[PDB]
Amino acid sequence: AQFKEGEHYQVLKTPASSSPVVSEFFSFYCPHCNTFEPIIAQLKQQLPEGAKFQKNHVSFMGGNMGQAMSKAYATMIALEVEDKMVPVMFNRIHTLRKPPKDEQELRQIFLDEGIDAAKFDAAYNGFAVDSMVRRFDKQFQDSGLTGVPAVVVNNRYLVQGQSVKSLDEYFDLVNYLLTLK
């Protein structure tokens, strides 16, 4: 076939998902993950009905701000302010080259965007956010992945996309993997 195991994708030692899902592991401190955003945007819209796209923030980059940065991401999902906050965060760290030195500074990034302080403080330190970050980390450890960005299809298909022709072929590969179980 056009997509062969060991060439276009690698099978992970994990139980396949009981439902179609495309997962992306990244970190706001990851440069190419920032460059990868436009491609991620198109891939979602290009996804077949029924499939869900899930972003997972890893905590190994950024030193002692890694874990906090993961909570911030988890906070964006909880507050549904993901569409505006993701680019704002990728931008303040890469383009502006002004990384949040601590929790209070990280918090300020949200406050400067209009997100209410009481809303942020409740979610940032909440159970939902805590449960989500743990889930982010566990999934990364269990998949045995060694870096980011990483796009896994149905929980066991690591897209070794370094061989795709155009963005068109890339979507064809992901779409192809979604049907395989």
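Position 1 is the first residue in the sequence shown; the rest follow in order.
- 139-147 and 115-123 differ in mean CA B-factor, and the higher of the two is recorded for 115-123.
- Taking the mean C-alpha B-factor of each stretch as recorded, 48-56 and 25-33 are not equal, and the higher mean is that of 48-56.
- When all modelled residues of the chain are sorted by CA temperature factor, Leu43 is found within the highest third.
- Sort the modelled residues of the chain by CA B factor and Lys84 lands in the middle third.
- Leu96 sits in the highest third of its chain by CA B factor, as recorded in the PDB entry.
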